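Enquirer: Test case, fold it:
(5 chains, ligands or ions: 7)
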Amino acid sequence: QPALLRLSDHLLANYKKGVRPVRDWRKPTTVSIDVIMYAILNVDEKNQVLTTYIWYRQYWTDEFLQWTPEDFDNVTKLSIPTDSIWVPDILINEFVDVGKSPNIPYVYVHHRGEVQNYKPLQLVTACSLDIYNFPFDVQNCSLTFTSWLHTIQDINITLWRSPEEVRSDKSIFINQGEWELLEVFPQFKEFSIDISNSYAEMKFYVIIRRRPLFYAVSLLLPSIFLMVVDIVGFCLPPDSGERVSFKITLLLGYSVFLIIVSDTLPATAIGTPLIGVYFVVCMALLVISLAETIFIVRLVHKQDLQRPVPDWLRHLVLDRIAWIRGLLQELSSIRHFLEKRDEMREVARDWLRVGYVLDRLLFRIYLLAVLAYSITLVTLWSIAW
Amino acid sequence: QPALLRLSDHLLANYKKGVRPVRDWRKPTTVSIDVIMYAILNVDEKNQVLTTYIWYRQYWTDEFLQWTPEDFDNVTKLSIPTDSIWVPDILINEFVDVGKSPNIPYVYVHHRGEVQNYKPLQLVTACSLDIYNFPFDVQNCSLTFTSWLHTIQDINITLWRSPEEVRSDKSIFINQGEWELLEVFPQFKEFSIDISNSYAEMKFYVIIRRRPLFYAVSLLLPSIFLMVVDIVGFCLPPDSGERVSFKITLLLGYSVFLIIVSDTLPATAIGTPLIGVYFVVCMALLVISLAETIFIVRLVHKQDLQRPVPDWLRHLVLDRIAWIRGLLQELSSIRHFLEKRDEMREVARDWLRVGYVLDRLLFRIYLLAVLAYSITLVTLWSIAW
Amino acid sequence: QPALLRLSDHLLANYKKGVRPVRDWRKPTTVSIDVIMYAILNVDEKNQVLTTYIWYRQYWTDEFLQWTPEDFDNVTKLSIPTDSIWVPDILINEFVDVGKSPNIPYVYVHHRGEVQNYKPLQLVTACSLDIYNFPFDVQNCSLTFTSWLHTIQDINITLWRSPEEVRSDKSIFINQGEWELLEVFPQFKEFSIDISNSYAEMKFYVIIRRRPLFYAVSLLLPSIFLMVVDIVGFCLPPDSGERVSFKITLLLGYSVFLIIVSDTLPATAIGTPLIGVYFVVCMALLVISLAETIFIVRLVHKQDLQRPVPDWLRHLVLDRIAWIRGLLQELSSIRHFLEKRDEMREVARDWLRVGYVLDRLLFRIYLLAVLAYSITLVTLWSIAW
Amino acid sequence: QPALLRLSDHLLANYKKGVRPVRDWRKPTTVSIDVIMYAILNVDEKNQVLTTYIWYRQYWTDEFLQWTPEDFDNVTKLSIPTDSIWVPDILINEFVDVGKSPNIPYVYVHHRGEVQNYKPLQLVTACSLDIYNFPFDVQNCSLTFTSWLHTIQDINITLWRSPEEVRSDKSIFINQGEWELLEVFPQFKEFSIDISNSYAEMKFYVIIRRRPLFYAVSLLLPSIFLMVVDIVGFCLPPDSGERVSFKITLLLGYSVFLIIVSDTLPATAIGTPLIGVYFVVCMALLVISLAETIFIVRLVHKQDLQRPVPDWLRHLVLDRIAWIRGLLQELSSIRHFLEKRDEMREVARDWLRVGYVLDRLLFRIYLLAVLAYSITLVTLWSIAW
Amino acid sequence: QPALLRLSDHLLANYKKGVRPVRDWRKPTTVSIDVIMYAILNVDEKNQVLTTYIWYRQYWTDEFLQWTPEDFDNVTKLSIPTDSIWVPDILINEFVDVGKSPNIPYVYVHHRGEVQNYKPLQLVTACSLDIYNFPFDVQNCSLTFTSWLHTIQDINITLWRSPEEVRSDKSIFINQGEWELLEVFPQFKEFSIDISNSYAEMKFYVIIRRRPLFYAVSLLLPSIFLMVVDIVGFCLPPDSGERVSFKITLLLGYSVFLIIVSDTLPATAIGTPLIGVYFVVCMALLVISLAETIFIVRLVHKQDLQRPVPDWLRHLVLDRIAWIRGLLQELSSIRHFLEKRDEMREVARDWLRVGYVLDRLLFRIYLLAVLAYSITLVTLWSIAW
Ligand SMILES: *[C@@H]1O[C@H](CO)[C@@H](O[C@@H]2O[C@H](CO)[C@@H](O)[C@H](O)[C@H]2NC(C)=O)[C@H](O)[C@H]1NC(C)=O
Ligand SMILES: *[C@@H]1O[C@H](CO)[C@@H](O[C@@H]2O[C@H](CO)[C@@H](O)[C@H](O)[C@H]2NC(C)=O)[C@H](O)[C@H]1NC(C)=O
Ligand SMILES: NCCc1c[nH]c2ccc(O)cc12
Ligand SMILES: NCCc1c[nH]c2ccc(O)cc12
Ligand SMILES: NCCc1c[nH]c2ccc(O)cc12
Ligand SMILES: NCCc1c[nH]c2ccc(O)cc12
Ligand SMILES: NCCc1c[nH]c2ccc(O)cc12
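Expert: Residues are numbered from 1 along each chain as shown, chains lettered A, B, ... in the order given. Ligands and ions are numbered 1, 2, ... in the order given. Have a look at this structure:
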């Protein structure tokens, strides 16, 4: 007689699979698991969901499947079709769709009754991701493995191995994607939503962090030269007039860019992602950059003005010192046509002087406002890094 | 004899699962349920659909599965494969796709015949969402649980617990997403589409509200500085000419933004979402802001005009008081070249005076139109909040 | 003996489900159906497909499942697992994917052999939608229910109820979405693609119409103020020069908008959706609005021109009446420098006169072209409505 | 005895369905098929895939299912559950996903053993589409029906009917979508990837063509008025200066449009779709249209130039003929201020003359370049049509 | 007796399929496979996933299915339903979703026990794609075929054929899509994540390369004329003023284009795709092209300046040589009005001279900077090609 199927006929002859198998019904049949996290596929923050590919193991002690290695030629391990035996009802509490994993048809058994189960599982799972510190984030995500039906009286869930070995386990991992995990933290919990019920749950605080080294040259790099185009915008002379239309073109251009960052960030109602304030401060800087630009051209244009008062003109002098035959009546009619016409040009030349001194000093105080603001952010770089 | 499977063989030997099980066929086998709402996954308003993750319970009294705790060593609870017994045919009337939930293989039984069923269920469900008060909305959504086939003669549906306990149940809930529910309202209904038929239905008026604290800084924040760019637009001098091209650039810029809000809002045929009118009033404000801008430059430009009539000029003076040898003929030819040429400059200077007084007064009445309009909206904030 | 399963064992003992059940094989077992249309989920016109949620009924006379209410305690209705009996092979000919409906496990039977089947069914179905009269359309869509295999010899398909009751049936319906149906028209058809074959088909001319009350304030409302910005565009003085750049900014702005309406409309090869011509006439109106703008500035600019000929100048006068010591040679050198220089300004002033009279008359004939065009469209409103 | 199921019990008592059924194993059981193409659902060229709804037929001679019409009351046709008999393993070699078709549960049998199978099938299939002649294309797509496992020794595949009847078969077809087929070409092939193996394959060169009557008014109609805005762009006077900003606005506007056509066209690496060159020639026409615009304003502006040399000025005259008391020293100081100042205006007037003659002649040679180019394309219309 | 099913009844009478079949349990039942890669469907780099259609083969020696060709009329090959026998548990370690392949119901057997299995399989698989050399890339992608459960004690995996024949196998392949493979490299590996376990894995280094002949005329062709519009931008005269607004329009236009290339490229955290630096160098070239444009107009404008100092003016002369009755007091008042007014025009004319010499020399050094930069890239073409 060929011996291997001789075991299976002897084993599975009366194994009624519709029983949580035990010798004594008071005893909880303890399942015992781990995870080995393989990769992080995608984090679509706008959908508040997370897809993860996880290698996975189980065993549990089965009373009924015990044999002896005698009379079957020293066989201690054996392969069994999964749907021909019992299985625990465990699944994760935070799934969105479980239809992506193939069903492993086969499991092992030992002669003590330790039936061993491996399977892969992918789950698009939903854990509350944090988006506050955006390019430097840690995602305290949670996978809570749970018997959906059975209680502590029926089964308990525990770990395969030492939780320290779960913690720093990077034995197989696809890095160089977007993400990278620092550890996986297991923890038992005893769950009871109500009275007279009690459920085994054992969470997995999987924490991952993002490599910012792509997002810096895709989001911080657009923001920096948007400064220097306006910085070189002040080097335009004020009297040209398109210097106003210069800024608004960039105010149009920055308006385009803030729409692009709008949908890329999720709709998370814990508040603004913190880089968005550092982002949104830039337009108000541009508005006051624009508010400077309108001010001098309201100040300086040929508008038939009044004269500059000397207290501000000495203040302009201080700021310059701080920043650095009755034929006569026809002939009199000629100068009378020009004694004001040349002078109204020079009254316009007087207010013209006021433009350039403000052009110098507001350029520095705009530049020193930005440059002192910039050094604050790179201190936040080394704190985030 | 091991005792647990001794029960299952004694129980399921003749349980023909193709029977709605009862001792007497007049008796309606009453199922009895609840919901425990876990999370709200997504509300895509444009698709008029809603995805919801719901923990769920059932029991019903089964006549045939009764045993005694005697002769089976005091066992009162026991696990059974679901497809080996009867099940009620209930499902929700408003689904779009039920393929996302895993099938729980196992159910409990008691020695009285109370077979107990738990399962999770996600349904992309379609209820008529309201979009009228957009950032402050309540969504009276409905889940109507229904035996698809059986009538009141066959089964009745009732609640597990007190409906008060269903009402304020936030025992497990993923908040800090977008949504948050205030209560879940159950209600029995007796349904009959026709005569000679009657179906048990028990609705669930699930109501949720949106946290506006993200949408305010993503939709109200763009709208406010679009005012102040035009507010500072009047501080441009009128004679520049790009002041017209200034506004149209923003009229172009606001035209961009209204397309962005178009697809974000659904196609709901109950009317405009009410914030859209408050949104669409802004362009007509900008048009009359533009209509001011064209008016003064039609009024003020060097066009070889007629003189200003004094009744409007005294009205301009009132508004200023309200807002605050035959060689002679060659020489006569010289002044004749200039007695009009200097004067036509000054006739242009006369209409130039009319521009700035209108520049002052229309600036206030534009500003006071906007500022009085703005205080109306913040009163609507505290009513919505 | 408990009596209900006593029937089922007596009934299903020898019911070989692999038989289209009849006593005599010449007799066609007539199935008999209806529809009760619940809701219209989505009409994505670009995909030429339609998703519809339909409640659905069947019966057919089964020879083999007859019993007597005697000897089974007056039981005339009974629930049966669907996969334990015969079923007809009907499905709809125009599906794209049938995987969204759950399988109802249960059906009724009567003591005459009328087995009754209810089930829901959703189908993304493909019927040739019409997009010609876009915001006011009726969609003569068709659902042709068909035995996929069996012929008229095997089965016939008929209606449950009177076709009048199918016609005006709005007993359950989710309105206030986008769509609304006026009626559902059933009709039998006898189908034969070839000789020696004949198939029962019974169509359903489901017709729905769209509530335009959202699309009017999302597509007609952008089109109307695009007129009045150019209408107020003529109130710009011609000599400014940005009046040309004014229009092209809107010609740029209208170019943006026609791309937005491009993908929103499907690729239907029956021709242009009829509102698109009314849409596309606007740019050619803007081009000739632009062609006016270039014409006057080609006419009016300081270009050292020739003089205006009086026949057009009297025509300009008619249109104005229709719209309303040898020291002398140094002194002679002075006027010779200015007798032309002042005159070439006035020759430019002469052509300047030609601009404003054309500015008046072309403004009216532009306005009267648009306003008379507009009253044509509102007559088409009351015909469409 | 009821006779119909009397056959089925007599027939299917020992029909072991795990046998490719034949009396003699050398004989290849020839299956025999056709297609009846119903509709073309979508051609997403960017995904290089094609979805098609096909009605489909089979028969094959089964040895084992033969009966006599005697002793069963002259029954020659009969319905059988598909999963209770053999089936051939055929499928198409170019699928992407087969999960969209429902499983027809039923098949016919005849008393000779001709079991007949009908089923529908939709396949998103991948055939190498051609995109070269874009709005006028023919798509030589291929469906190669293949026994996936069995060889020529086991089965052969042939056609049901005459291949001529397959060729012009438009008996049922949903036209008025986008596409329309001219014919379906079947052809047997004998396939062997290697030695000692041989597989029956029978292709289907399905060829379809596109109705261009939508794409012409969605892609050719934008291209034509983009010419005439620049054509009317030359009617702007050169000295205005925004005439340069005119063209670049359209150069910006055409830059927008070429991005819109970029993603609409696939990434097919056989080269550019041929209309794209006719599309991309337009920008280089606009660049040289712009290069004209910069040239004259570089030529004509008040820049204190040198004089025009008469050889080009007589060439400008040829092109015009081709296109059509010591008080004196104060008085001498007056003319010395103006003998050059009036002249430098006239030196600027001399180069001003050069602008308008080039404005005339370059306008024609731009127009005649475009108009002669346009008549080349309409000849390509009648060749494509 | 019909002989073919006589074998199947004799064969499958006691084949308990729940056994990894062998005579002696120490022997590892070696499976033996290959791949025949058919096509590459899509490479969505942003999702870091890859879909591939692969024809596939297996055999393994089965102990139990041996027969003799005697007593069954010389039958050496035979078709068997797959779910009626054993199967190995192999699958690929890098899948995302296996639900797209149909289940082939049938397999072959030989009289030695070589059961032969063919099936197709599509997998959206995840391998770490490289995006560095973007239009000229090679993708060292990996398919690691693995028994998910069984160890080296249970099964070993080997190749069907010689690995050289796998290497250059292009026997069937859909080219002319986007991709093309140069070879497929198989390699055995012996895998053990831990101690006391050992798994057969046999990788497939599938390497493919991209045909750049579409992406060159879709991404390199936009970049080249963006140079020459600014190259012709310097031919604008500086004094016009819109020459500044010229460049910023293209700086706006290039800002549009870099957003388009942003999402087309993935989020790969190995760094920037190398063409992006060659792309992003263009804006900084445009900024310094803009920085030239602001410089000369800051240098040249009528601003009532100081005089040019002769050391720079002789340097400007060097660069030009490198690039090429008391009536008198009324009359004195006349010249005093003009002795400066004409001179301040000429002081403005002096700085005007400085503009054009810088216009010549900066034009060359801008052009020679670009042209010498361009020849570096075409050397990188022939290295990449
Ligand atoms: C398999 O079927 C094909 C038909 O598709 C057979 O080809 C025919 O063979 C006969 C005689 O062998 C010829 O008269 C026909 O002209 C052939 N038709 C075509 C389309 O080739 C082929 O012989 C069959 N092979 C086997 C082994 O049965
Ligand atoms: C498992 O299969 C591999 C083949 O992939 C075996 O490796 C071969 O082993 C033989 C002798 O052991 C050598 O001659 C070959 O050169 C090896 N080939 C390769 C590619 O390594 C391996 O021995 C097998 N192991 C078991 C336990 O059967
Ligand atoms: N060769 C993969 C088998 C395997 C080895 N170690 C594992 C750990 C977890 C798991 O799911 C599977 C495995
Ligand atoms: N541990 C989860 C079991 C569970 C406890 N309480 C529940 C309530 C509803 C439900 O579907 C399931 C449950
Ligand atoms: N309670 C829903 C049962 C039901 C009542 N009337 C119906 C009509 C059609 C249908 O599919 C189902 C029904
Ligand atoms: N009434 C549809 C049955 C039918 C008739 N002719 C057909 C041809 C092909 C097919 O798959 C099916 C059919
Ligand atoms: N006619 C396709 C059968 C076939 C022939 N050679 C093959 C190689 C691999 C495979 O999966 C299948 C095949």
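Enquirer: Tell me where chain A has helices.
Expert: Secondary structure of chain A by DSSP state H: the helices cover A:4-11, A:163-167, A:221-231, A:242-264, A:274-299, A:310-323, A:328-338, A:341-384.
Enquirer: Which of these sits closest to residue B:99?
Expert: helix A:242-264 (28.6 Å; CB to CB). To be clear about C-beta, it is placed using only N, CA and C from the backbone, and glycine gets the same treatment.
Enquirer: what's around the residue in the stretch 51-200 of chain A positioned nearest to chain D, how many residues?
Expert: Across the stretch 51-200 of chain A, no residue is closer to chain D than residue A:99, which sits at 11.4 Å (CB to the nearest CB). Number of residues near residue A:99 (other CB atoms under 10 Å in any protein chain shown) recorded here: 12.
Enquirer: ok, it touching residue E:99?
Expert: Yes. With contact defined as CB atoms under 8 Å, residue A:99 reaches residue E:99; the gap is 7.0 Å.
Enquirer: check contacts around the residue of the stretch 51-200 of chain A closest to chain D.
Expert: Counting by CB atoms under 8 Å, 6 or more residues apart in numbering or on different chains, residue A:99 touches B:99-100, E:99.
Enquirer: how about CSV for those residues, with distance to residue B:26 added?
Expert: Below are those laid out as CSV (distance: CB to CB, whole Å):
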residue, distance to residue B:26
B:99, 37
B:100, 38
E:99, 46
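Enquirer: just to revisit the earlier point, tell me how far the residue of the stretch 51-200 of chain A closest to chain D lies from ligand 6.
Expert: 29 Å (CB to the nearest ligand atom, to the nearest Å).
Enquirer: just curious, which of the contacts of residue A:99 is nearest to ligand 1?
Expert: Nearest to ligand 1 out of these is residue E:99 (CB to the nearest ligand atom; 34.1 Å).
Enquirer: mind checking the backbone torsions on the closest one?
Expert: With angles defined as degrees, to the nearest 10, residue E:99 sits at phi -150, psi 0.
Enquirer: how much space between residue A:310 and chain C?
Expert: For residue A:310, the distance to chain C equals 37 Å [CB to the nearest CB, to the nearest Å].
Enquirer: Could you check how many residues crowd around that residue?
Expert: For residue A:310, the neighbour count with other CB under 10 Å is 10.
Enquirer: What are the neighbouring residues in contact with it?
Expert: Residue A:310 touches nothing, counting by CB under 8 Å, 6+ apart.
Enquirer: Check residue A:4 too.
Expert: A:75, A:78, E:19-22, E:25.
Enquirer: Which of these fall within strands?
Expert: Using DSSP state E, the subset of the contacts of residue A:4 located in strands is residue A:78.
Enquirer: For ligand 4, state which of the contacts of residue A:4 is nearest.
Expert: Looking across the contacts of residue A:4 and measuring by CB to the nearest ligand atom, the closest to ligand 4 is residue A:78, at 32.7 Å.
Enquirer: ok, now how distant is that closest one from residue A:7?
Expert: From residue A:78 across to residue A:7, the span is 6 Å (CB to CB, to the nearest Å).
Enquirer: Between these two, tell me which one has more neighbours.
Expert: Comparing residue A:78 with residue A:7 by other CB under 10 Å, the one with more neighbours is residue A:78, at 23 against 19.
Enquirer: what about the residue found closest to that one once you drop the neighbours it is linked to in the chain, how many neighbours?
Expert: In space, residue A:78 comes closest to residue A:109 once its chain neighbours are excluded; the distance is 5.1 Å by CB to CB, 6 or more residues apart in numbering or on different chains. Residue A:109: 24 surrounding residues under other CB under 10 Å.
Enquirer: how much space is there between residue A:109 and residue A:59?
Expert: Counting by CB to CB - residue A:109 and residue A:59 are separated by 10 Å.
Enquirer: residues in the stretch 151-300 of chain A within reach of chain E, list them.
Expert: A:171-172, A:174, A:176-178, A:211, A:213-215, A:217-218, A:221-222, A:225, A:228-229, A:232, A:235-237, A:239-242, A:245-246, A:249-250, A:252-253, A:256-257, A:260 (CB under 8 Å from any CB of the partner chain).
Enquirer: any common contacting residues for residue A:109 and residue A:59?
Expert: By CB under 8 Å, 6+ apart, the residues touching both residue A:109 and residue A:59 are A:115-116.
Enquirer: residue contacts, the closest residue to ligand 3 within the stretch 201-350 of chain A?
Expert: Distances between the stretch 201-350 of chain A and ligand 3 by CB to the nearest ligand atom are smallest at residue A:204, namely 14.3 Å. By CB under 8 Å, 6+ apart, the contact list for residue A:204 reads A:35, A:142-145, A:184-186.
Enquirer: And the strands in the stretch 1-150 of chain A?
Expert: A:31-44, A:49-61, A:77-81, A:90-92, A:95-97, A:106-110, A:114-125, A:138-142, A:145-147 (DSSP state E, counting those that start in this stretch).
Enquirer: Neighbouring strands - and their directions - for the third one?
Expert: Read that as strand A:77-81. strand A:106-110 (antiparallel) (DSSP bridges).
Enquirer: what angle do the partner strand and strand A:114-125 make?
Expert: With axes from the mean of the first three to the mean of the last three CA atoms, to 10 degrees as the basis, strand A:106-110 and strand A:114-125 are set at 140 degrees to each other.
Enquirer: Now find how far off-centre strand A:106-110 is within its chain.
Expert: 42 Å (CA atoms, centre = their mean, to the nearest Å).
Enquirer: Repeat that for stretch A:211-227.
Expert: The answer for stretch A:211-227 is 15 Å, by CA atoms, centre = their mean.
Enquirer: which residues touch it?
Expert: Outside stretch A:211-227, the residues touching it (CB under 8 Å, 6+ apart) are A:134-136, A:178-180, A:250, A:253-254, A:257, A:261, A:275, A:279, A:282, A:370, E:258, E:262, E:267-269, E:271-272, E:276, E:280, E:283-284, E:287.
Enquirer: how long is that stretch end to end?
Expert: 26 Å (CA to CA, to the nearest Å).
Enquirer: cool, stretch A:154-164 as well?
Expert: 28 Å.
Enquirer: and that stretch, does that touch chain B?
Expert: Yes. Judged by CB under 8 Å from any CB, stretch A:154-164 and chain B are in contact via residue A:154.
Enquirer: So chain A: which segments form each domain?
Expert: Domain segmentation of chain A under automatic domain parsing yields A:4-210, A:216-384.
Enquirer: Make CSV out of these and add distance to residue D:149.
Expert: Shown next, in CSV, are the domains of chain A (distance: least, CB to CB, whole Å):
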stretch, distance to residue D:149
domain A:4-210, 21
domain A:216-384, 49
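Enquirer: Pipe those domains into a markdown table and attach distance to ligand 1 per row.
Expert: Output for the domains of chain A, formatted as a markdown table (distance: least, CB to the nearest ligand atom, whole Å):
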| stretch | distance to ligand 1 |
| --- | --- |
| domain A:4-210 | 37 |
| domain A:216-384 | 56 |
